[PDB]
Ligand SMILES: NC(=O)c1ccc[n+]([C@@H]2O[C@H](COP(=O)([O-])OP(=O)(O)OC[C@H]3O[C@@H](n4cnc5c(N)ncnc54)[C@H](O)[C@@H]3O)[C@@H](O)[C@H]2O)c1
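This document opens with one chain alone, in structure tokens, the form solved without this ligand.
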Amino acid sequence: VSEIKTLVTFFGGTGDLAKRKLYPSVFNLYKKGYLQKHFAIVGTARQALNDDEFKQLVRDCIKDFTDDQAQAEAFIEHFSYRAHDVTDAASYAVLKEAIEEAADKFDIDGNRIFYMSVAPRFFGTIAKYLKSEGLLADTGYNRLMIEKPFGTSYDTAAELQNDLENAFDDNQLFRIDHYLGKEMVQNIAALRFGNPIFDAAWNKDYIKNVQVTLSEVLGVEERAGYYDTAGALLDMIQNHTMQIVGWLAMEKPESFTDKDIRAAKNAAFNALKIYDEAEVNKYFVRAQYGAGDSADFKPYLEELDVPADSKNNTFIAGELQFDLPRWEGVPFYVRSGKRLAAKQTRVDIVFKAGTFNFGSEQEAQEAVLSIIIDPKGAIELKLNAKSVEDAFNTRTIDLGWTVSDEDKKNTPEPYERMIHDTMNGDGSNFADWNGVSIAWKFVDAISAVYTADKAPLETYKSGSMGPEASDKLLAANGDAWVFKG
């Protein structure tokens, strides 16, 4: 494989994300051979660490993935560290020098990546300074990887965006959503555009409805401080869920390049219907988990650091609608929540049942294409066939496929994908501004009615699949969730 020549600077280089996700990913790119001699990693944070202490930190964080000592040592010598106060303009001069020193040491020509893994208050500030203090390279590329969240409403986001646009063009910005980095999620376009039988049926004439489910068995754990102000709505729906929908609802692109893909996705989002108060009430459900069946499952209000009057949503179920011919009348059902029956990230495409009557007791039911993303990749197709009875009758059978052991071992972890893609300058698995702005516009309309408490807050017992209102939502259209736990 060809060598990738880059200089990566991590803001927030001592946080857990960097320690357990980022460095090991970068190390993998090294093992694979993409990273060879012309590369350097400059870590930065507020604590007073130094080069020796940083290399040691890195060494410990990748010890579990090392083949041999020499390999780790060779890798480690490409890192350097600079303590740095993101608000201090002068501090940037120290960083600029570290970067230039590293660029000279390993002969790196531009190609800089700045990874922001710090509190979001600093996103705009760091951006402006990168330009001011002359940290941006004069040749090669300059790219910014921005960690979640990306604002907390359309306003904050737009504001963030405006700030970012001072030193970067939208196509150099890489907003991170690790679900877009999962292998199975990337199989969607292949399945659809690579098989005419599905490609031709990916529209309102064959699809009854689309279902997206991101369910977790865990509760609020120990992140109540942050979660209580975000809820399933901002933590799971606005970002992960919406971006998966984008892959599903997209129009057929001119070609498979990042530019056409985003264009194809943007056309769908532009057709997304934004709701008013009555509609949010009609099409969405918000709930909070109650007690379960064991002394481990406390109702949400009894969790650590959760205010006693909390009206936060730990579960959201809703219907999206697209004003594009392709999707006329096909509801996209979306759901995500904590304390549900199982851990599962999946997509289920329910096809309209056939009208040909066999004159049997059980006529043809709806076929279903299911793509399981988490916990283990699997694809299943529920099809109508003949029952094993004396009189002709139909039944539903499931053809299945699941990742092999070899598939698992060769699957790159999402952060490796993202970093590698950013190095290649491929925007295929990243959302662009148009996509993010629409998601915010859509979600704001919902939040607005929630904060004003203009919609019920349902309960559901820990261990189920949500409030009964969730089922009632699909029932109105003669639909039902295919995954029942």
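Note that residue numbering follows the sequence shown and begins at 1.
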(request) Look over 118-126 and 313-321 in the entry and identify the one with the greater average Cα temperature factor. (result) 118-126
(request) Pick between 414-422 and 449-457: the one whose mean CA B-factor in the entry is higher. (result) 449-457
(message) Between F79, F193, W401, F150, which one tops the list for Cα B-factor in this entry?
(response) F150
(message) For the CA B factor values reported in this entry, which option in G354, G290, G181, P253 has the top one?
(response) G290
(message) Which third, lowest, middle or highest, does the C-alpha temperature factor of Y275 belong to within its own chain?
(response) middle
(request) Could you say whether, by C-alpha temperature factor, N28 belongs to the lowest, middle or highest third of its chain? (result) lowest
(request) Looking at the entry's B-factor column for C-alpha atoms only, identify whether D205 ranks in the lowest, middle or highest third of its chain. (result) lowest
(request) Ordered by C-alpha B-factor within the chain, which third holds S462? Give me lowest, middle or highest, please. (result) highest
(message) Please place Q365 in the lowest, middle or highest third of its chain according to the CA B-factor in the PDB entry.
(response) middle
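Separately, the form deposited with this ligand bound exists; it is not shown, and the next lines address it.
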(request) Using heavy atoms and a 4.5 Å cut-off, decide whether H38, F79 and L136 all contact this ligand in the bound PDB entry. (result) no
(request) Considering only heavy atoms, tell me if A18 and this ligand come within 4.5 Å of each other in the bound PDB entry. (result) yes
(request) Indicate whether this ligand has at least one heavy atom within 4.5 Å of a heavy atom of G12 in the bound PDB entry. (result) yes
(request) Examine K252 and determine whether its closest non-hydrogen atom to this ligand in the bound PDB entry is within 4.5 angstroms. (result) no
(request) Check whether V350 has any heavy atom within 4.5 Å of a heavy atom of this ligand in the bound PDB entry, and answer yes or no. (result) no
(request) Answer with one of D85, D109, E328, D407: the residue that has a non-hydrogen atom within 4.5 Å of this ligand in the bound PDB entry. (result) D85
(message) Looking at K376, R223, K311, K96 here, can you tell me which has any non-hydrogen atom within 4.5 angstroms of this ligand in the bound PDB entry?
(response) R223
(request) Counting only non-hydrogen atoms, choose the one of 448-456, 46-54, 421-429, 25-33 that falls within 4.5 Å of this ligand in the bound PDB entry. (result) 46-54
(request) May I ask you to list the residues of 137-169 that have any heavy atom within 4.5 angstroms of this ligand in the bound PDB entry, in sequence order? (result) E147, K148
